[PDB]
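Descriptive analysis of the structure
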Amino acid sequence: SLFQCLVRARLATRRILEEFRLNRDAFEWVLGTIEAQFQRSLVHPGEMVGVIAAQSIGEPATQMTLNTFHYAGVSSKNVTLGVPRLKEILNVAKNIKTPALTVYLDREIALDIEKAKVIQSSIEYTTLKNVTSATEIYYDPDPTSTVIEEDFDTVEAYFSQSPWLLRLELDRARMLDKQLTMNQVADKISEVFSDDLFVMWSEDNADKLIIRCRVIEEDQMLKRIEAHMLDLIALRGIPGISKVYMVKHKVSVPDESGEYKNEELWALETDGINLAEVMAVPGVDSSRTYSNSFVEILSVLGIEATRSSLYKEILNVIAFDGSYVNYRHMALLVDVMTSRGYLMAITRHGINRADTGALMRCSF
Amino acid sequence: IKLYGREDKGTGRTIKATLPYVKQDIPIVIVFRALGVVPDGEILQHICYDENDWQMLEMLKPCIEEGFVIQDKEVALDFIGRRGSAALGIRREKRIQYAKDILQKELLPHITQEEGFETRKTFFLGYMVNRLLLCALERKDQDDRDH
Amino acid sequence: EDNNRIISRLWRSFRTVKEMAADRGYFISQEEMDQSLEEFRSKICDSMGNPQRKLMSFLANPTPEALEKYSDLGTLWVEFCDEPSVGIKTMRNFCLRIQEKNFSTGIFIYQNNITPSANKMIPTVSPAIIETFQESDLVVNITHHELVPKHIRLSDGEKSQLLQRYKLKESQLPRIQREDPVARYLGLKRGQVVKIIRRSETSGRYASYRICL
Amino acid sequence: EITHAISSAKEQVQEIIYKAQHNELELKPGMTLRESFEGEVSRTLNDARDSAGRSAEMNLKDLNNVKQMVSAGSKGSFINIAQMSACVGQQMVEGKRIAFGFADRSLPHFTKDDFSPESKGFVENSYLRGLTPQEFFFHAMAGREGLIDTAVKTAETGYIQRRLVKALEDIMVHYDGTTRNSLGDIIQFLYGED
Amino acid sequence: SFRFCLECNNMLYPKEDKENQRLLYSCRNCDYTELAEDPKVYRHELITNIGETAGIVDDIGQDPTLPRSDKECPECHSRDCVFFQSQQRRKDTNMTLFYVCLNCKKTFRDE
Amino acid sequence: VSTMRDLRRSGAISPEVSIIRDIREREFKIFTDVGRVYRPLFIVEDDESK
Amino acid sequence: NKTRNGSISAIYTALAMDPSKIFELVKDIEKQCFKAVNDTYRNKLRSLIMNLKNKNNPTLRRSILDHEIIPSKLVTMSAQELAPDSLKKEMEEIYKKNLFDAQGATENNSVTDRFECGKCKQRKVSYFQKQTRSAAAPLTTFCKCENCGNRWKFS
Amino acid sequence: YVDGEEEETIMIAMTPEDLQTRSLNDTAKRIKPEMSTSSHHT
Ligand SMILES: [Zn+2]
Ligand SMILES: [Zn+2]
Ligand SMILES: [Zn+2]
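Residues numbered from 1 in each chain as written, not as in the entry; some residues may be left out. Chains lettered and ligands numbered in written order. Part of a larger assembly, values for the part shown. Heavy atoms only, no water. Residues with missing side-chain atoms left out of burial classes, pairs and counts.

For this structure, the PDB header gives the title as "RNA Polymerase II elongation complex bound with Spt4/5 and TFIIS".

The name given to chain C in the PDB entry is RNA polymerase subunit ABC27, common to RNA polymerases I, II, and III, and the organism recorded there is Komagataella phaffii. Among the UniProt annotations of chain C, the heading Subcellular location (unreviewed entry) holds the following wording: "Nucleus". Taken verbatim from the UniProt record of chain C, the Sequence similarities (unreviewed entry) comment is "Belongs to the archaeal Rpo5/eukaryotic RPB5 RNA polymerase subunit family." (UniProt positions renumbered as here; feature names shortened; annotations may be inferred.)

Here it is in structure tokens:
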């Protein structure tokens, strides 16, 4: 079909009688020539293309960086390339080194930085520990009066069990970063500890964001409760997306007269994989979201999207360093791994389990 | 000497050693008191070199809370003597003497092998645990194996 | 507040359920598909602003064309569950509810998890076919995604013609698994060949088949 | 001109170190202070080498044999003229630079916490002039790295190729376009899609 | 900050005096009992600070491996001192310096 | 350290003895073992005196 | 009637803690008590009480009898705005810090005009070198176009 | 005689002409260091 679009694209009338200026005999000779050559340029039945593909991929490998580096002077940016990556591809290793989601946006958000920062904040995960500044245990006996002269006006402005105090101070920069408030957190704590932990909190415009806690020998228990509090309380976030990167893109889009021109649009490149949750978030173009742990892509989108993704990975890996393979080889390789229903990596476990001859498998 | 307690992982941040001709990671307070320094002022006196290091002291607490059940010498001596392979039936009487000649000879032999000097070895172990807890809390780089 | 996100999730799930019930050959009128949100809040939530799942169930009859091309197609029953951790109780009574009207296929949407002892209560509802789905799965329609191409299930004969053109046996085709989201989106059974029309950058349009198990 | 372009680059370095030591340096996203600092220095020095190398390359006349062997594209390229006429440049070890084997210093011939260009590998001459001992030592280190990596990866790639070939060696093109394996699992219905 | 017994030299664990409503540090090996002057029993600081730490600096003036500067000392106004960058270095630690005067032997900075 | 150093430079102690001072954590180590790889060097008179 | 007396007492005191106005103060809280009538209500009180006795800011209790607008402090949604000034400057300072740490790094690299791209044919290209081949064969140069993003390698 | 574990503690000059820092500008002979941060060595 593409070839018919080519022939119909070239030999139209004005581009024959007003640019090439052929006659008749030459025209006939040309059509005959096209037929002859196209009939000469076909594949030949009896052509072991599998070996040619395994070689034509096995050959640009033997001259590629075995440590690559680059972004090596940056610890916030990790990436696996060259050999180790190809080895982590042909093995379908269920644990890679740099998991990274690539999340797009809708048009209204794509170019308004503020909304993009809102959606940027909505995804990132955060426990209660990620905002704590100090944890302090006190023996403050009076249930309705305190020794900490700071919290005096709180308790004396609060009344209009156990005698031990669990008091902690937070950090404002991250309570403003995640756009949280004091209440919402207090609600989280009261919900997670039922009725055992009597909770007390202070206003936003204080000078220290303080949380006071009591329970209804009484010391070690409060330590265990404390570590549990810091370790197991989430305030938002898709659990498993510990970093988000705001990234720019320059894409090509047609104009109004049908001409492709560039265009600057924002996008997200995040650390950690969790597709089944990030797909379902308002503001996210759920149709374009793409990852690179194609095991999950298999567990979510089927076998075909997994084929396309795997091809895209190999194409990126080989194409990073100037080398250029022709396509039917890589398409064959990616259409051998996924042609039984699941990923069949190339080692010995994935192969040995087939139904081929015993000699063909013992000779390996 | 092995320091357990992964950064906020593995529950207890306890220290457990390893001896020649034994079976299990024997704790550290048990070898201190097993050498004959049963109080705690002497132990935390040997290990740390300051009374303001409440950070290392903060990490030390689980070691004494772990070595509380043993309070005197003989029960720790035989606590070690029972694990050290040997035969099986060298009870208190002979087995204590087994663990004793174990903690004279194999343990730190380059220091000495004559009795009446175990203080020396206790000082040395103090320096060792000190250096470990100087490396763990990140005050000095890890050793390079190719210097 | 937190109300609108739950309501939005339930809404998207219901819409995806309807589109799924539309690509399988049945009949859904456009007054039902193009439901906006005020109709959903007004017709599903209580005066408290909280849902009633028992007011979201419905029945579906097949169209004439799909009735002609695919012969073994009865009716469809769609019911959202009520309890959260679906155990033996709701599963048994639901199985009786399908065994009562003698209908042919039911969809039992759960919420969080199903007990295994009740997960044995699926080969006990024959000759009908009960098909379970989680709700947090159907929030996104996987078919509008870029990569996933069109999957079109074939009829009985056309399959025989396809096996005559290549001279094959049903086991020598590229396979798809019974639990693979675009294989239950269409509701496949052992022996049904889906056709795929993939794009290609060496000939534009490439048609490739694939069988199930 | 070349020696001056390096002098300003070197002088510039003295400025970045000053800022980093008075806490007046912008922190780059995703990076600690010291990573951003190291990244900055490297950009400045690599620019200098290229700027100096570009200068020497453009002076050359129209019969300097090397311009004929490189201009013909048969053997060599720009980095050779640059490393023979201008500055040898930077030395790298695992992407980062000459670490401190000794405690807080590279070689015992330098002070502690010294981080000028020549204190951590930046070679400053060209092979026609000569090499100071420290620079020669660092260069030998880098070359040793190269020989080691070369000694490592080749066998890895060979075994990888053996796995690929032993995996794909029975896929044929039968007399009607099908690309079946040894027993009929149609891999591709029409070879190469076309 | 914790204390020790005086009749056993073992550490004192915090014990509660239920009746008088007060805190004590009581030995678990003996019968010693001491009053508690401070209400706090346990502190666990998560996020920390400090980009300082000049570390041990005894006889650091004659150390030939350290660089020297013409910085004037705030104490004796001498313009000849040794300088260093920090000790105990986290990955996030500042690159600011510590100067040590060769005349008055005082550690000073640059603010 | 000075007295021991001169008692080495006089020949009383075998010249291949290591007198190493870590002024940092305050450790004075002396090495007299077998296998240490070493090399000679000139000497610069650093003493602030003459 | 617990709150009917307590809301008053607490309001009276924390509004005196900062002559005849007694009825204007009482009229205001009595309207504010039935205003919250519009356990989640109790949480609304703690907001009003706290911002008042957060002393430090006399303006609030001191600037609450002069004039002000009253029904605003109800559907306020200005918890960031309602006192005090220094804090507002911080929440505007912290925000910029949070917006900066949410982004990512980029790339540096030197560019030279000694190479040409095969795609867009631009002379902006960075490079680096590794030893891909043996010890007898020359180095392998990796080039990258700093315009379209194309990459290639050298023999 | 100095060995390896001692070499950490010392401080070396490369050439004798360096023991007394000088009071040039040539393209043939190479560029020797400067010791940028050391106005006085020992
Ligand atoms: Zn005692
Ligand atoms: Zn001074
Ligand atoms: Zn290009």
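Residue and element names in this part refer to chain G. Running from amino to carboxyl end, helix α1 (residues 2-14) crosses helix α2 (residues 22-35) at an angle of 135 degrees, the nearest separation of the two axes being 10 Å. In terms of their interaxial angle, α1 and α2 are classed as oblique. α1 and α2 meet at a crossing whose hand is right-handed. Residues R4, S7, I8, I11 and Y12 of α1 form the contact with α2, whose participating residues are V26, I29, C33 and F34. The residue inventory of the contact of α1 with α2, partitioned by class, reads seven nonpolar, one polar and one charged. (Axes fitted to C-alpha atoms, helices over the stretch in contact; angles between N-to-C directions. Helix = DSSP H or I, 4+ residues; strand = E, 2+ residues; numbered from the N terminus. Parallel < 35°, antiparallel > 145°, perpendicular 65-115°, else oblique. Left-handed = near helix turned anticlockwise from the far one by under 90°. Contact = heavy atoms within 4.5 Å. Nonpolar A, V, L, I, M, F, W, Y, C, P; charged D, E, K, R; others polar.)

Attention shifts here to the pairing of strand β3 (residues 132-138) of chain A. Burial of β3 of chain A is extensive: seven of the seven residues sit out of reach of the surface. Note: β3 of chain A against strand β4 (residues 165-170) of chain A, six bridges, orientation antiparallel. The partner of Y138 of chain A across the bridge, within β4 of chain A, is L165 of chain A. The sheet contact formed by β3 of chain A and strand β4 (residues 40-43) of chain E spans two bridges and is antiparallel. The residue bridging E136 of chain A from the neighbouring strand is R43 of chain E, located in β4 of chain E. (Buried < 20%, exposed > 50% of the residue type's maximum accessible area, 1.4 Å probe, protein only. Pairing = 2+ DSSP bridges.)

Looking now at the domain arrangement of chain C. Residues and elements named next belong to chain C. On domain assignment, one finds that chain C holds domain 1 (1-140) and domain 2 (141-213). When each unit is reduced to the centre of its C-alpha atoms, the spacing between domain 1 and domain 2 is 26 Å. Taken residue by residue, the interface counts twelve residues in domain 1 and twelve residues in domain 2. Together, the buried faces of domain 1 and domain 2 total about 1100 Å²; carbon and sulfur atoms form 47% of this surface. For the pair domain 1 and domain 2, the interface holds zero salt bridges. Joining domain 1 to domain 2, the criterion identifies six residue pairs in polar contact. Of all the elements in the fold, those that place two or more residues in the side of domain 1 that touches domain 2 are α1 (2-23) and β6 (129-134). Taken together, the residues of the side of domain 1 that touches domain 2 sort by class into six nonpolar, two polar and four charged. (Domains from an automatic or database assignment. Buried area = accessible area lost by both parts, 1.4 Å probe. Salt bridge = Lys/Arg side-chain N within 4 Å of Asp/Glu carboxyl O. Polar contact = N/O pair within 3.5 Å; in protein donor to acceptor, adjacent residues only side chain to side chain.)

Now for the coordination of the zinc ion (ligand 2). All names here are of chain E. Taken together, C73 (SG), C76 (SG), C101 (SG) and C104 (SG) make up the protein donors of the zinc ion (ligand 2), found 2.1 to 2.7 Å from the metal. Around the zinc ion (ligand 2), the four donor atoms sit at angles spanning 97 to 124 degrees, and that spread fits a shape best called tetrahedral. Judged by relative accessible area, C76 falls into the partly exposed class, the value being 32%. By relative accessible area, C104 is classed as partly exposed at 27%. (Donors = N, O, S within 2.8 Å, 3.2 Å for Na, K, Ca; no water. Tetrahedral: all angles 85-135°; square planar, octahedral: opposite > 155°, others 65-115°.)

Now for the sheet that holds β3 of chain A. If you trace the five strands from one edge of the open sheet to the other, you get β5(A)-β6(A)-β4(A)-β3(A)-β4(E), paired in antiparallel fashion. What marks the edges here is a single partner per strand, and that holds for β5 (197-201) of chain A together with β4 of chain E. Averaged over all adjacent pairs, the angle separating strand axes in this sheet is 20 degrees, with direction ignored. Here four bridges tie β4 of chain A to strand β6 (residues 210-215) of chain A, and the two strands are oriented antiparallel to one another. Across the sheet, the residue bridging to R167 of chain A is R212 of chain A, located in β6 of chain A.

For the rest of this paragraph, the subject is the sheet that holds strand β8 (residues 107-108) of chain E. Residue and element names in this part refer to chain E. Across the sheet, which stays open at both edges, the four strands sit in the order β5-β6-β7-β8 with antiparallel pairing between neighbours. One side of each edge strand has no neighbouring strand; the edge strands of this open sheet are β5 (68-69) and β8. Examined bridge by bridge, strand β7 (residues 98-101) and β8 share two bridges and lie antiparallel to one another. Bridge pairing links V100 to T107 in β8.

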